[PDB]
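> Everything below, folded, please.
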Amino acid sequence: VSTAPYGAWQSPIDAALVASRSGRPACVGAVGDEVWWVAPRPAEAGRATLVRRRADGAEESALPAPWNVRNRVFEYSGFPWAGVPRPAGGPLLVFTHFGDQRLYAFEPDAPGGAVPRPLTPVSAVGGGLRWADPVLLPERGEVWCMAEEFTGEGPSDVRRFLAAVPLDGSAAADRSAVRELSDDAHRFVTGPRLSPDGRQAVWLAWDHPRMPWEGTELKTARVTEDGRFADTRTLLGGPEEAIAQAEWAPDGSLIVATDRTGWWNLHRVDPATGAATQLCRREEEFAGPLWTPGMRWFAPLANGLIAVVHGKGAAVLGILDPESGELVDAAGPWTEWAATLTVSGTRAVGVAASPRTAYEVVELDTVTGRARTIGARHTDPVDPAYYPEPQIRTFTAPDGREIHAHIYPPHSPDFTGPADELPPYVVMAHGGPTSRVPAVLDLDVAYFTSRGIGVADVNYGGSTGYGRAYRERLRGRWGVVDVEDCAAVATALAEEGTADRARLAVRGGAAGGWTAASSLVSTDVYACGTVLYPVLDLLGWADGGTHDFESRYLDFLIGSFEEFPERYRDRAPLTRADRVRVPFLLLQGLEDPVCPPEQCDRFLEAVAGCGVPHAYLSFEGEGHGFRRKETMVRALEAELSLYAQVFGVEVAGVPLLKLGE
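Residues are numbered from 1 along each chain as shown. Please find the structure below.
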């Protein structure tokens, strides 16, 4: 062990490693005695593939490049696949290919191997056709799901509805062969969920200017014999009741997660009256912000029990007995479970991680209570001693409100900083903003901590996991609350003598980008910052400048344009670009439909000539968020260079980023 300036420590964790291990298993699902899930493949053009885990343990990718399992529903991708076991010929599977947005069907166990075949038609109108949240009904030879069909060239010239697609591929080149189960009354809808007797279906629905975590309506309809929806009606919900998920329990009852009590709690619902009944009242979240159709937090087991990812702050998988009301969590090392779940027999399968291990596919058996890794088993790329030790903390702001944060102090088995020196800190603001960051192993963070630079991940006001009220704090307060809380923690660290007051950095992507930028503009707390595909031009963004799903998100974040037109100019970073006095780095994907690259151009134009050292890196082939391995490497090393140059340290393994005025 030797002494060295903070940020200059030699670390075995290089950007290449970070990228290589980015992402996690996702959209898990059971098919017979098999378990599938979507896994990233950054070195394969950033595509996502399907992984197939067999009963004997066999675990392999089921689709080779260039198939890409991801769709553009809500631009964030709704559940991309569905599979069913069969008496012979292996299971049947359907998935969405990102390249053409079409729905494909394939049989892994068919002679000749998996050979995807198209089931849906295409369109040259606007964003064309998109599909997601499918449900396979081989008995009717169809797959039902929700669908987006553009009717014009504008980001909002689109109609969504529940559809039925023939499995025989007869609609591959025939739009009329696709049946519209519901109407397009609601702009936003999720896929259908059929009751066990197959006579009643439910789905979530909402419209502008509400976000699903403000309020949604659980729609229902009687499924006729020939397969049509009849008597559609709202079973419950409204513009202020957020129903995050709805499922049919094997006994025919309806379970839903609603935040009517102030927290997302599970409720039994009468399939006719709508009468809801609590199953487990608690000040913990049993659901979350529904960003994409198909998210699952709870899942009913055939034996009457209910698997649930729950908690206040961190979320963990536990089994709930609606009868005794008792809930028993999974043990094991996992401290955070993702919002994906499936069940098979007496087992519940989810995706979890810990501060020491990356997200894995974990199984919790209800009869024994044992939890074990069954997929994507984590193995240390380097000695775990290079992973920082998170500190789940809470800071107190001037008014006494608590700010939840994760503090990752510099850490390394080989170095310690200079006696009379303090480590610089990177304050990160997650995206969303109606979201939350879990405290688990993240090489992106370790990347800095192992080099001697502290990291502080703030779950500012408006973050999920703490109840509707806490989520509401950001209503109309975007650009203020998120910014203040982050600065609150930063200065708190500097005061406590944990961090160097003079070497504090801010960074974030998307909403996290807006917060970082906003921080460099309306505050002088940071020495520099990294902004990734942010929101900097509100007026532009509100004027058809973002995808439909968030075309009115600003109504929640800063207030309606009708009531507060001044805030759209004031709160915008672009407006006060000239107020940025410290160096910064701008990262952006050129194909980003959520935050168009235009955002950056206008900002860069407003700062030009103000003599502030800065850099900008755009990437083609990258949408919202970087998925390609190469992209992440440049992005990461560029960010470290900025910090290295501004903090007066000399990082090794990275080239020097050219900052210009």
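> tell me what the longest helix along the chain is packed against?
The residue-count maximum for a helix in the chain (DSSP state H) belongs to helix 629-646. Judged by 3 or more C-beta pairs under 8 Å, 6 or more residues apart in numbering; DSSP states H and E, the packing partners of helix 629-646 are helix 15-20, helix 443-449, strand 504-509, strand 528-532, strand 584-589, strand 614-619. C-beta coordinates here come from the backbone N, C-alpha and C atoms, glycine included.
> Mind doing that once more with 6 Å?
helix 15-20, strand 584-589 (3 or more C-beta pairs under 6 Å, 6 or more residues apart in numbering; DSSP states H and E).
> in stretch 539-557, what counts as buried?
In terms of neighbour count (16 or more other C-beta atoms under 10 Å), stretch 539-557 has its buried residues at 540-542, 545-557.
> same thing with stretch 35-44?
Buried, per 16+ other C-beta under 10 Å, within stretch 35-44: 35-42, 44.
> what ranges do the helices span in this protein?
Under DSSP H, the chain gives helices at 15-20, 443-449, 468-472, 481-496, 511-521, 538-542, 554-557, 567-570, 598-607, 629-646.
> which strands and helices sit next to the second one?
Read that as helix 443-449. Using 3+ C-beta pairs under 6 Å, 6+ apart: helix 443-449 touches helix 15-20, strand 454-459.
> Please identify the most buried of the ones you listed.
strand 454-459 (a mean of 26; mean count of other C-beta atoms under 10 Å).
> ok, and what's touching it?
Residues from elsewhere that reach strand 454-459 (C-beta atoms under 6 Å, 6 or more residues apart in numbering): 404-410, 423, 425-428, 436-437, 445, 448-449, 486, 489, 499.
> before we move on, what about stretch 48-65?
Residues beyond stretch 48-65 that count as contacts (C-beta under 6 Å, 6+ apart) turn out to be 33-41, 44, 47, 69-70, 108, 375.
> go with 7 Å
Stretch 48-65 is contacted by residues 33-41, 44-45, 47, 67-70, 81, 95, 108, 114, 374-375 when judged by C-beta atoms under 7 Å, 6 or more residues apart in numbering.
> cool, stretch 162-175 as well?
Applying C-beta under 7 Å, 6+ apart, the set of residues contacting stretch 162-175 is 103, 105, 117-121, 141-147, 177-182, 189, 191-192, 203, 227.
> domains in the protein, as residue ranges please.
1-378, 379-661 (curated CATH domains).
> what about the residue nearest to residue 194 when sequence neighbours are not counted, how many neighbours?
Take residue 194 and drop its neighbours on the chain: the residue closest to it by C-beta to C-beta, 6 or more residues apart in numbering is residue 201, 5.3 Å away. Neighbourhood size, residue 201 [other C-beta atoms under 10 Å]: 23.
> tell me the contacts of residue 201?
192-194, 220-221, 223, 229 are the contacts of residue 201 under C-beta under 7 Å, 6+ apart.
> 8 Å instead?
By C-beta atoms under 8 Å, 6 or more residues apart in numbering, the contact list for residue 201 reads 162, 181, 192-195, 220-221, 223, 229.
> Drop anything exposed from the residues you listed.
Buried, going by 16+ other C-beta under 10 Å: 162, 181, 192-193, 195, 220-221, 223, 229, out of the contacts of residue 201.
> returning to that earlier point: would JSON lines of the helices and strands packed on helix 443-449 with distance to residue 308 be doable?
Shown next, in JSON lines, are the helices and strands packed on helix 443-449 (distance: least, C-beta to C-beta, whole Å):
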{"stretch": "helix 15-20", "distance to residue 308": "32"}
{"stretch": "strand 454-459", "distance to residue 308": "21"}
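> Ok, which of the ones you listed comes nearest residue 394?
strand 454-459 (9.9 Å; C-beta to C-beta).
> what angle separates that closest one from helix 481-496?
On the basis of axes from the mean of the first three to the mean of the last three C-alpha atoms, to 10 degrees, strand 454-459 is oriented at 140 degrees to helix 481-496.
> tell me the angle of strand 454-459 relative to strand 504-509?
Going by the same axes, to 10 degrees, strand 454-459 makes 50 degrees with strand 504-509.
> can you give me the offset of strand 454-459 from its chain's centre?
Centroid displacement of strand 454-459 relative to its chain, using C-alpha atoms, centre = their mean, to the nearest Å, is 18 Å.
> CA atoms only: put it into PDB for me.
Written as PDB, here are the backbone C-alpha positions of strand 454-459 (Å, rounded to 0.1, in the frame of the first residue of the first chain):
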ATOM      1  CA  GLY A 454     -15.400   9.800  -4.400                       C
ATOM      2  CA  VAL A 455     -18.900   9.400  -5.800                       C
ATOM      3  CA  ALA A 456     -22.200  10.600  -4.300                       C
ATOM      4  CA  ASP A 457     -25.400   9.200  -5.900                       C
ATOM      5  CA  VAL A 458     -28.300  11.400  -4.900                       C
ATOM      6  CA  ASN A 459     -31.900  10.300  -4.900                       C
END
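> Show the contacting residues for residue 524.
Contacts of residue 524 by C-beta under 8 Å, 6+ apart are residue 581.
> Can you give me the distance of it to residue 399?
Remark: distance between residue 524 and residue 399 (C-beta to C-beta, to the nearest Å) = 22 Å.
> and of the buried residues of stretch 539-557, the nearest to residue 604?
residue 540 (14.0 Å).
> And the nearest residue to residue 274 once chain neighbours are set aside, how far from residue 451?
Of all residues not flanking residue 274 in the chain, residue 236 sits nearest, at 4.3 Å (C-beta to C-beta, 6+ apart). According to C-beta to C-beta, residue 236 and residue 451 sit 52 Å apart.
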